[PDB]
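Asker: Please find the sequence and an experimentally derived structure below.
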Amino acid sequence: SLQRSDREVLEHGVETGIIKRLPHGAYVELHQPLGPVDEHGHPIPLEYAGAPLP
Amino acid sequence: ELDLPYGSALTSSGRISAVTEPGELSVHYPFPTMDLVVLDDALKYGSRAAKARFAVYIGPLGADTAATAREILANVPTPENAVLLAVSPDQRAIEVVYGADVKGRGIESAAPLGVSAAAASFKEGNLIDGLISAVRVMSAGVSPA
Amino acid sequence: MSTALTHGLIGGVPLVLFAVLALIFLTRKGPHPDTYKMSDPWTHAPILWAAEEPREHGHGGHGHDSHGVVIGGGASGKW
Amino acid sequence: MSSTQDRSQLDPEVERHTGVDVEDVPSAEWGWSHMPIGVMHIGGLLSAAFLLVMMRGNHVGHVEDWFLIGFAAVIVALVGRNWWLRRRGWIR
Amino acid sequence: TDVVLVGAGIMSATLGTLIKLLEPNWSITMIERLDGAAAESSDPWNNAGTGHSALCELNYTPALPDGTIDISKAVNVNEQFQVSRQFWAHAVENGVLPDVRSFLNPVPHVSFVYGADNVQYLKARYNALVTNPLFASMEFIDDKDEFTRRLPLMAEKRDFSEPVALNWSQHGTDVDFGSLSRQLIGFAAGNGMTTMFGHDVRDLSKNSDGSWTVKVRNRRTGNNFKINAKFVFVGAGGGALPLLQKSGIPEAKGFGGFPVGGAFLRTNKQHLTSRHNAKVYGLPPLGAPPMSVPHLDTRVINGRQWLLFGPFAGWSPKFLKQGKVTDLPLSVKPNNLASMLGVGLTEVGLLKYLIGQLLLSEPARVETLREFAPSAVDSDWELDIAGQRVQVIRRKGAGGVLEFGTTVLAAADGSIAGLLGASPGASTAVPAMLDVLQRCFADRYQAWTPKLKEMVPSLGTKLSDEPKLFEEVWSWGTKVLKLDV
Amino acid sequence: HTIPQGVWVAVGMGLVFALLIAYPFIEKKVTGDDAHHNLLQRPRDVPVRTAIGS
Ligand SMILES: CC(C)=CCC/C(C)=C/CC/C(C)=C/CC/C(C)=C/CC/C(C)=C\CC/C(C)=C/CC/C(C)=C/CC/C(C)=C/CC/C(C)=C/CC1=C(C)C(=O)c2ccccc2C1=O
Ligand SMILES: CC(C)=CCC/C(C)=C/CC/C(C)=C/CC/C(C)=C/CC/C(C)=C\CC/C(C)=C/CC/C(C)=C/CC/C(C)=C/CC/C(C)=C/CC1=C(C)C(=O)c2ccccc2C1=O
Ligand SMILES: CCCCCCCCCCCCCCCC(=O)O[C@H](COC(=O)CCCCCCC[C@@H](C)CCCCCCCCC)COP(=O)(O)O[C@H]1[C@H](O)[C@H](O)[C@H](O)[C@@H](O)[C@@H]1O
Ligand SMILES: CCCCCCCC/C=C\CCCCCCCC(=O)OC[C@H](COP(=O)(O)OCCN)OC(=O)CCCCCCCCCCCCCCC
Ligand SMILES: CCCCCCCC/C=C\CCCCCCCC(=O)OC[C@H](COP(=O)(O)OCCN)OC(=O)CCCCCCCCCCCCCCC
């Protein structure tokens, strides 16, 4: 499960405070990617490198 | 455009908020829960070795069976490396289609084997068992990229 | 009063009632649709199933685009 | 932003092609990740046997033997459930 | 059904196709315990794929006490492979085998030796073989530069102060018997053979009309049912022996089975595979069984090149890879017990060899590979578990002997046949299935002979004795099987 | 003769020390890894070994 947490951090970025989306009442944690970000919001997932993740 | 006959409404975003009457279900699949679980187990980890998205289409694929199979495969999330087995009992037809990335991995050799397993099981009278057998045979045949 | 009788009662009446209620309720047709017979026509709407087996780039829908169907073979059968 | 991505090339050497897979254990390639299920089944069975065997001893007590029986029984039940489920393909 | 085929390996695939070509109106039912065709002994990882032409196999050319070389076994195995090749050529021209390159690849066959006495033996072997038309294109190579040019992986870090030699045969093959079996089954199924995957044959009982009741279990549902067959073929690999024991036929009495596993070292590292393009067979170690000859093989599996080294001997009480640990104990019967106990006393050398191979570590397996490729590094090779084979134990006097051959067992009335044993097995599937047809359908075989000769032009002729006919069928078969490309 | 309960604990200590001393060779025999390892691996990245140590 620690490995799974590392992978989720790699593929979604670090977690932060929640934001309510403008048009609708969606709640999104407003993550922060640790690597290059795709043209759209979601980032390009990184590959685990055997080192701790923030 | 029209939502479900009753109780389903388009929401502020794209998602459609749907409802079902208290006594009834939502999936309505005409198969036992256990056999559905077995087929899902197959498609999920008995195909992990193949590393190619294995898909099953029980719906009716009419007119040119091959071409309807092609486009229902196109509808698969990642047709690039995908193997769609379509069965229409209204037409007693099987059609298997493959993605371009799924080539030379033993898939073509496994195609007749999987179709034969499915046909044997169907003539025995077990749609779901035939689907599982075909998935197993095709996954065994297909090698990871 | 009749230690054995009381023990048997407390141990059996729950079991008898459980058996009766299970016969009443567990023996009722469930809401799950009956298995589809091959002879019967296929009435249910088309059912496409997918594995969700491999990794798909990023979970984000945008950027996936439509590269193409890129067919890679075929097969056929008639039961 | 004040973090640099890591590039790692660890020397590998079973080749992991059989056993566990990354989908089940994400870091399968990075270290020992698979214990054969037979090992754990036999270990549980032998632990239950040891618990039962400890009943034979120089204790006039009886709640001790009953606790041993209960713990051995639950261990054997877990081992049997796991073995049966894996025999049937993780069903029920 | 007219015919039941038990198992979906190369034997049943070959017989099912032959019967379907001879008798298109016959009802054929193939029953396979696994969820797909060729997923046991015919799987490309479960066998060496050598396309066994007797070109490289030094155990087929023993030295006699007078220093001459007996080539009789090599000639007979090459002729049996030419029969299989002719059937495959005909099958390609007639659309039975549409994809030649998925199952058959041109790969040189090479005998390899080191040390002065073994080089002299290999020269004597060469001189004996090249007198026969079937081996006339063989080359003898004892030159270092020519060795280095042909086998760059085997030459790297080799000490050439010890003499080395090759017998090189340019026109060898690699065979994916898994692809071949799937294509043959695909043809027979497309022509109305019923296929039953996930179905296990539990029992065989003869009916009063001479037909067979086949008891089948669906492995997915657990349901049991019966099929009535006029003829039964038991192509079930190591699962054949328990089924032939259950059939109660006199001919299967006293047969025991000894399960022998194999393993290979394998690699697909381009820097190794690009430096070795042959099947290279060594000398058997002193006291090794004839099937445990170390070899370093080029394999083409699913269009990808691999190197395979082995086989290392393995042991399992299972008769199949997907078999049961109870297979060996349940194969013991009062009528075969004496034969089985006798093998431990008669085959002490084999038992010692098998124990030695079982005790090998992974580094020690790579050390045996360094005899072929002295530059080999442990991390470039992975262990793969090959197919399970059941060696036949036959009664010999008061004891038993192990048979390393392929044995066709047929009932005296032809109503059932089965295959037991190990080698050359898959490479001789066609002549073995022609023997099954001749023995089991003697009333029809004469009427089939014209159509069998259309499939195999040399049928009933020794190709060693007819060099013109050999060159004709060789040239036709080369072109049709694309073996010149 | 008598074989007191002290021998049980003595053999237990012997086994404990033998296993502790011979673990790296036991681990290499089991897993198969004899590669020259200079980069540590996080305990989470090796579930079986961290499980055994726990
Ligand atoms: C132990 C290990 C990593 C083994 C690897 C697997 C292996 C090769 C096993 C081989 C042999 C066998 C059979 C072993 C099983 C039993 C065993 C370990 C026997 C030998 C015992 C031995 C000589 C050494 C074991 C040493 C070991 C790693 C102990 C745990 C120590 C650690 C890392 C603790 C966490 C660090 C930390 C912040 C500690 C402070 C927090 C506290 C208070 C932790 C709890 C705690 C501890 C740990 C005490 O030791 C203790 C002793 C006396 C009174 C109280 C306490 C106490 O409260
Ligand atoms: C399966 C597999 C792959 C295995 C891998 C192969 C393998 C083992 C590779 C490693 C090879 C090894 C280990 C080589 C030897 C290394 C070595 C010894 C190098 C020399 C070291 C050196 C410079 C000086 C010697 C230092 C030294 C004493 C080393 C040994 C340490 C050990 C193991 C001490 C054990 C002590 C011990 C309990 C011995 C048993 C004898 C008995 C029962 C004595 C009685 C006894 C006494 C006397 C107590 O005090 C006591 C106190 C509390 C409880 C009980 C007892 C008790 O029972
Ligand atoms: C490291 C600790 C973790 C251990 C993990 C293992 C978990 C399994 C625990 C097994 C429990 C076994 C309990 C039974 C044991 C047994 O057999 O003994 C009995 C006493 O029963 C009891 O209470 C049972 C109590 C069981 C509770 C167990 C609680 C577990 C705790 C310890 C877990 C927390 C761990 C904290 C971790 C700290 C972490 C540190 C970093 C009877 O003695 P007795 O008293 O003589 O009774 C006489 C009559 O019989 C007789 O009629 C009458 O006449 C009288 O004579 C009467 O005296
Ligand atoms: C869910 C279960 C629920 C079970 C709940 C039961 C709770 C009641 C227990 C104690 C009540 C107070 C009595 C206290 C006195 C005891 C009664 C008695 O006298 O019973 C006759 C003999 C001993 O005779 P003794 O004269 O004591 O002398 C002896 C040597 N001199 O024991 C026997 O056969 C009968 C057995 C008596 C108690 C054993 C209970 C221990 C643990 C049960 C299972 C643990 C499971 C763990 C699972 C992981
Ligand atoms: C506090 C706790 C107690 C203290 C704990 C510390 C002691 C060491 C810990 C655990 C040892 C047991 C490990 C588990 C051993 C695995 C068994 C097996 O089934 O073999 C599979 C392997 C994988 O091979 P694979 O190609 O990845 O195939 C995947 C197949 N599923 O095979 C092999 O190479 C190895 C086969 C032989 C291994 C022999 C190891 C033990 C040697 C004797 C030392 C005493 C052991 C004491 C045990 C407590």
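Answerer: Arrived safely, thanks for sending. Numbering: from 1, shown residues only, chains lettered A, B, ... in the order given. Ligands and ions are numbered 1, 2, ... in the order given.
Asker: Burial check on whichever residue of chain F sits closest to chain C, number of neighbours?
Answerer: Nearest residue of chain F to chain C: residue F:45, at 18.9 Å (Cβ to the nearest Cβ). For every residue, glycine as well, the C-beta is placed using N, CA and C. Neighbours of residue F:45 under the rule other Cβ atoms under 10 Å in any protein chain shown: 25.
Asker: pretty sure it is in contact with residue D:28, am I right?
Answerer: No. In this structure residue F:45 lies outside contact range of residue D:28 using Cβ atoms under 8 Å: 9.4 Å.
Asker: What separation do you get for the residue in chain A that ligand 1 sits nearest to and residue B:1?
Answerer: Closest residue of chain A to ligand 1, Cβ to the nearest ligand atom: residue A:2 (17.2 Å). Residue A:2 sits at a distance of 47 Å from residue B:1 (criterion: Cβ to Cβ, to the nearest Å).
Asker: go on, residue E:69?
Answerer: 85 Å.
Asker: More neighbours: which of the two?
Answerer: residue E:69 (19 against 3).
Asker: Return the set of residues that bridge with the more buried one.
Answerer: Applying DSSP bridges to residue E:69 yields these beta-bridge partners: residue E:63.
Asker: That one contacts residue E:124, doesn't it?
Answerer: Yes. Using Cβ under 8 Å, residue E:69 makes contact with residue E:124 at a distance of 5.3 Å.
Asker: Mind listing the shared neighbours of these two?
Answerer: residue E:63 (Cβ atoms under 8 Å, 6 or more residues apart in numbering or on different chains).
Asker: need the longest helix for chain F.
Answerer: helix F:6-31 (DSSP state H).
Asker: Report whether that helix contacts chain D.
Answerer: Yes. Judged by Cβ under 8 Å from any Cβ of the partner chain, helix F:6-31 and chain D are in contact via F:27, F:30, F:31.
Asker: Kindly report the same for stretch B:75-92.
Answerer: No. Legend: contact between stretch B:75-92 and chain D by Cβ under 8 Å from any Cβ is lacking; minimum distance shown is 15.5 Å.
Asker: How is the residue in chain B positioned nearest to ligand 5 classified with respect to secondary structure?
Answerer: Per Cβ to the nearest ligand atom, residue B:49 is where chain B lies closest to ligand 5, at 15.2 Å. Secondary structure assignment for residue B:49 (DSSP: H, G, I helix; E, B strand; the rest coil): coil.
Asker: That one: what's it in contact with?
Answerer: Contacts of residue B:49 by Cβ under 8 Å, 6+ apart are B:139, B:140, B:142, B:143, B:144.
Asker: Please give me every residue in contact with residue E:310.
Answerer: E:262, E:263, E:264, E:265, E:294, E:295, E:365, E:386.
Asker: and it, that's in a helix?
Answerer: No. Looking at residue E:310 with three-state DSSP, it is strand, so not inside a helix.
Asker: can you give me the helices in the chain?
Answerer: Picked chain A for this. Using DSSP H, helices in chain A cover A:2-12.
Asker: Correction: the question concerned chain C.
Answerer: Counting by DSSP H, the helices of chain C are C:3-25.
Asker: Give me every residue in it lying close to ligand 5.
Answerer: Where proximity means Cβ under 6 Å from any ligand atom, chain C presents no interface facing ligand 5.
Asker: Around chain B, pick out the residues from chain C.
Answerer: Counting by Cβ under 8 Å from any Cβ, chain C sits next to chain B at C:31-38, C:41-42, C:44-54, C:56, C:67-79.
Asker: Could you rerun that using 7 Å?
Answerer: C:31-36, C:38, C:41-42, C:44-51, C:53-54, C:56, C:67, C:69-79 (Cβ under 7 Å from any Cβ of the partner chain).
Asker: ditto for chain D
Answerer: Counting by Cβ under 7 Å from any Cβ, the residues of chain D near chain B are D:21, D:23, D:89, D:90, D:91.
Asker: The third one contacts residue B:42, correct?
Answerer: No. Using Cβ atoms under 7 Å, residue D:89 is not in contact with residue B:42; the gap is 9.1 Å.
Asker: Which one's more surrounded, those two?
Answerer: Under the neighbour definition other Cβ under 10 Å, residue D:89 and residue B:42 were set side by side, and residue B:42 has more, 23 against 12.
Asker: Surely that one forms part of a helix?
Answerer: Yes. Counting by three-state DSSP, residue B:42 is part of a helix.
Asker: Can you tell me which residue of chain C sits closest to chain B?
Answerer: Closest point on chain C to chain B, by Cβ to the nearest Cβ, is residue C:46, at 2.4 Å.
Asker: contacting residues for that residue?
Answerer: B:57, B:59, B:60 (Cβ atoms under 7 Å, 6 or more residues apart in numbering or on different chains).
Asker: What of residue D:12?
Answerer: Here residue D:12 is in contact with D:29, F:35 (Cβ under 7 Å, 6+ apart).
Asker: Pull up the gap between it and residue F:51, please.
Answerer: For residue D:12 relative to residue F:51 (Cβ to Cβ), the value is 21 Å.
Asker: The residue in the stretch 101-250 of chain E positioned nearest to ligand 5: neighbour count?
Answerer: Using Cβ to the nearest ligand atom, the closest approach of the stretch 101-250 of chain E to ligand 5 is made by residue E:238 at 21.3 Å. Counted by other Cβ under 10 Å, the residues lying close to residue E:238 total 27.
Asker: if we can go back for a sec, and of the contacts of residue E:310, the nearest to residue B:25?
Answerer: For residue B:25, the nearest member of the contacts of residue E:310 is residue E:386. The distance, counting by Cβ to Cβ, is 48.6 Å.
Asker: what residue is smack in the middle of chain B?
Answerer: Centroid-nearest residue in chain B, with Cα atoms, centre = their mean: residue B:56, separated by 1.0 Å.
Asker: what's the answer for chain F, then?
Answerer: residue F:23 (3.7 Å).
Asker: Excluding chain neighbours, give the residue nearest to residue 33 in space.
Answerer: Unless you meant another one, I'm taking chain A. residue A:43 (3.4 Å; Cβ to Cβ, 6 or more residues apart in numbering or on different chains).
Asker: Actually, chain F is the one I wanted.
Answerer: Leaving out its chain neighbours, the residue that sits closest to residue F:33 by Cβ to Cβ, 6+ apart is residue D:13, at 4.5 Å.
Asker: And for residue E:113?
Answerer: residue E:122 (4.8 Å).
Asker: which element follows the host helix or strand of residue E:261 toward the C-terminus?
Answerer: Residue E:261 is part of strand E:256-267 when elements are defined by DSSP states H and E. Per DSSP H and E, strand E:256-267 leads on to helix E:270-273 as the next helix or strand towards the C-terminus.
Asker: Show me what that next one is packed up against.
Answerer: If contacts are counted by 3 or more Cβ pairs under 7 Å, 6 or more residues apart in numbering or on different chains; DSSP states H and E, helix E:270-273 sits against strand E:304-314.
Asker: Would you mark the buried spots in the strand it packs on?
Answerer: E:305, E:306, E:307, E:308, E:309, E:310, E:311, E:312, E:313, E:314 (16 or more other Cβ atoms under 10 Å in any protein chain shown).
Asker: Mind telling me the two of those farthest from one another?
Answerer: Longest span within the buried residues of strand E:304-314, Cβ to Cβ: E:305 and E:313, 26.0 Å.
Asker: what about residue 33, how many residues close to it?
Answerer: In the absence of a named chain, chain A is used. 18.
Asker: You answered for a different chain; I wanted chain F.
Answerer: 15.
Asker: and residue E:134, what does it touch?
Answerer: Contact analysis of residue E:134 by Cβ under 7 Å, 6+ apart lists E:75, E:78, E:463, E:464, E:470.
Asker: Among these, which one is most surrounded by other residues?
Answerer: For the contacts of residue E:134, neighbours tallied by other Cβ under 10 Å; top is residue E:78, 23 neighbours.
Asker: Any idea how many residues pack against residue E:82?
Answerer: 22.
Asker: Let me see the backbone angles for it.
Answerer: As for residue E:82, its main-chain torsions (degrees, to the nearest 10) stand at phi -60, psi -40.
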